[PDB]
């Protein structure tokens, strides 16, 4: 197991983090906004608010665990861009997108983005004790708890305009009939708040975590199928037949972290964590050991998506810790083999591919951009390092 973890640490320190460091944008701040499949760096691309949070989180956590000062320097650079340009100093909260010079380009205010801000700012606080960073985190928490929370439905909200006026609060069109409530937003609020409580042990916050856990247990989690549901109406009724294998296994270990940080030993929640992990081991893993992406209606998308694989490795290893069931260890080993064989790019200039098709070929999608950054894959390496 030390063998496997040395391979993850090597991947992290010699491939992943150097690639992201090569995107440091000294002139304009933060990190260049796009690297396409063919490894062109678009220095003038838009810079995501969430991407910037994730960059800050990844470098801060890398520094916490591995303690190399270069990682702190990267974290500082991310912090500056986040607080100087991505934060809206007039109407407050994080922009969805800025242009390459940090001017607002998509000035919508999404609860999901505010959550990622809390998560990243608290992680930076863990390694700096920068009081400003923690205050910023508390401001975003305040927004999410007030304007970003629906008292009536017991649910966090979705999308606002710049001035915090509730918009088409959904998962952008596509739905056809739009969602009022999403699992995804609730997950990342829980993730963020877990990290906040590590740094600020507030009793009210504790209660907000317990509330999220109970929403997961009662509303999100199907106690028959053992899957999470994804999209809901305002009555917390699921509105689409969709299973997202990666979200489930991620949620398994993130909820567990929320349990651990707050001392919540309620047995139904522990059992939920375990049952999800068994469910995804049985239903999500393909015959090559990789994980499928989604099952919509009857139809499985067999694309191997990068973040799904690493969340499965973490969630399965957590499950192994709780069950001592070798099935989970075996699952972790086989995902890792798949990942080294098909998902980690061996091009000079490369990192990880976004996804791999069923034929084994890389999907021709960007390597870095608003929706692909170092958080998932760095976090995976760091979780194993710290757990072992």
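Positions refer to the first chain, counted from 1.
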Can you tell me which stretch has the higher mean Cα B-factor, 63 to 71 or 32 to 40? 63 to 71
Comparing 289 to 297 with 104 to 112, the one whose average Cα B-factor in the PDB entry is higher: 289 to 297
Take the CA temperature factors straight from the PDB entry and tell me which of 182, 122, 168, 252 peaks. 168
Member of 279, 318, 309, 90 with the greatest C-alpha B factor (per the PDB record): 90
Could you say whether, by C-alpha temperature factor, residue 257 belongs to the lowest, middle or highest third of its chain? lowest
Can you work out whether the C-alpha temperature factor of residue 117 puts it in the lowest, middle or highest third of the chain? lowest
Lowest, middle or highest third of the chain for the C-alpha temperature factor of residue 345? lowest
Would you please rank residue 58 by its C-alpha temperature factor against the other modelled residues of its chain and give the third it falls in: lowest, middle or highest? lowest
Temperature factor at the Cα of residue 142, chain-ranked in thirds, falls in the highest
